[PDB]
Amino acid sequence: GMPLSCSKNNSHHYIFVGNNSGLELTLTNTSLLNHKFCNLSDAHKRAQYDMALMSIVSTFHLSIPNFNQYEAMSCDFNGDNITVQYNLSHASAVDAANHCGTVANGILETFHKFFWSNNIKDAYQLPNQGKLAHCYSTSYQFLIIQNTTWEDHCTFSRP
C-alpha cells in the first residue's frame, strides 16, 4: 500500500484506458496479494475484472493461445480499484514454455517489444493453429496490475 511501483528494482509502465484512469503494470520481486484466491463472486467484481482484462488485450492487440496452461493469479478489490497479481513462473526457458498460453506471457511480450524491461528474453517458440507463440522468460517473480490515476501511478495502491 506504501511501496513504490516505479522503484529501480522494478520494471513499470502505465497505459490510459478512459474515464481519466488507466492501468499501472509492474514487474517486481515484491508481492502485493498474499491470499491464493480471486473471489469474482458478484458481477461487480467480475465486470471490473473483465474491464481490466479486455483493456490490456485491446490496447496491446494480444491473442492468447489455448494451451490449457494456467498462470498462478490472485486478485483483490478495494472499492472500485482492482489489484491483479500474477505469480510468474517464467524463470527458465522451460518455465516459459509451460506458461506460454497465458495473459501474463502476453504482457511480458508487450514489455519486451517496447523495451519497458531489459530482463525479458524470447526463450521459446511454440507453433499452433494460430499465430506462432512466443514464450518469454524473466527473473521477476510477480506481475502486478492496478487501476490507478496518472497522478499516483508510481505508488502502489492499498488493497
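All residue numbers are counted from 1 along the displayed sequence.
- Look at the mean CA B-factor for 53-61 and for 33-41 in the entry; the higher one is 33-41.
- Taking the deposited Cα B-factors for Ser117, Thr28, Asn105, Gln69, the highest one is held by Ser117.
- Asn81: CA B factor in the highest third of modelled residues in this chain (values from the PDB entry).
- Among all modelled residues in this chain, the alpha-carbon of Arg46 has a temperature factor (C-alpha) in the highest third.
- When the CA B factors of the chain's modelled residues are split into thirds, the value for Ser92 lands in the middle one.
- In the deposited entry, the Cα temperature factor of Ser137 sits in the bottom third of values across the chain's modelled residues.
- The PDB entry assigns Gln125 a C-alpha temperature factor belonging to the middle third of its chain's modelled residues.
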